[PDB]
């Protein structure tokens, strides 16, 4: 794809400021788009937007199609009398998921009750039309969530066998018995997609493109795995027989056992890769570009026997990446995908990526732990510049946080390297800006930075810390924290590096 020389910001919607404990698809989101526009940014990047479970990770969703109900702006609903919003006492600067779970779900349920009572014919009609258009994934998602609620939150493969194995009779009975719960979940979806569609329209009016994100592998406890057992390696009881992960290395002698179910690629191929085509079709209704986590998995993946508690017993298995993207290209006439290609990749992975002109990534926080050969250093980037450079992603600490724990060698080499590129700094809080400037001076067509770096925040603002059991995905902006001055500084930088 042809990427213009520009810049953007990374900010998950939950991090947006606003009342009621979590960022939503409303005015604050529009304020951010306006801020981005004033700053000269042309891209807004978010993390996966599906519904979340224990851990609150957007990369482990109950569905590969559904939208996150927590992102629904409840104000438009209250403004119609559908519900009476109450603040239990949400904190500032962070999402308290426990409190959000206990409070927002009931608020959404109360709003649905109010809706069925006061909703106008136009609204009732639109909601019905939506349920009908999206049935191909919505029926399964809505019933999945209704059954989960009726079975104490248990994962689908722990529900009674008739429901678990989707016996027609039992399934139809459950759907009737849970008609109201099913409708409610469909209601949260109609709202999510309606609000996201309006926000996407606002971004487009401001000349902004949205970069979406999705994990290559779906979650074990999700609607699509339950509904399409034939697409994954499961045993008759719904248990994965093999799981995703990565081989042991110089860090984890045990490697990483992610646990995600793996695709029966042969079955998918015979079906014209329908699952993926559909997944991308839906994603393209929300985003202009979509990144796919662990992109190398389309070339080959580390397959771990589910019985193994670690990733030591795995083996590399080839996937039909070539054939899948040939299909994606013919169906969508192009491939609007960004490849997450960090870590150790192979010449075949790089080959697949370039073959379809997919831009890869570069993370500046990883460029100074060795020498001038480090692929993350700007002078080593491809001359075609089809790559996206970040100071750090959602999985990294904020740049100031990173700097404070960096090795003496790292800190010294960074300063010297910056000096070579005509960049300097005085206080440590300036490092985030110095690195953002380095990225903008680079040949990378796109430079995307987390808002926390624009604010020069410390480790307390880190989005996610792989391996840490708590405090993840919780950071939030404060109202007005992003000032016109932050915007003007970004714009001046973009102008000087010709990214406007």
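Numbering follows the first chain given and starts at 1.
- Here the stretch with the larger average CA B-factor, out of 440-448 and 467-475, is 467-475.
- As recorded in the PDB entry, 113-121 is the stretch of 382-390 and 113-121 with the greater mean C-alpha temperature factor.
- Highest CA B-factor among the listed residues (77, 423, 143, 290): 77.
- The PDB entry gives the largest Cα B-factor of the residues 195, 346, 396, 241 to 346.
- Among all modelled residues in this chain, the alpha-carbon of residue 480 has a temperature factor (C-alpha) in the middle third.
- When all modelled residues of the chain are sorted by CA temperature factor, residue 401 is found within the lowest third.
- Per the PDB record, residue ranking by Cα B-factor puts residue 157 in the middle third of the chain.
- In the PDB entry, a CA B factor belonging to the middle third of its chain's modelled residues is recorded for residue 496.
- Among the modelled residues of its chain, residue 213 has a C-alpha B-factor that falls in the lowest third according to the deposited record.
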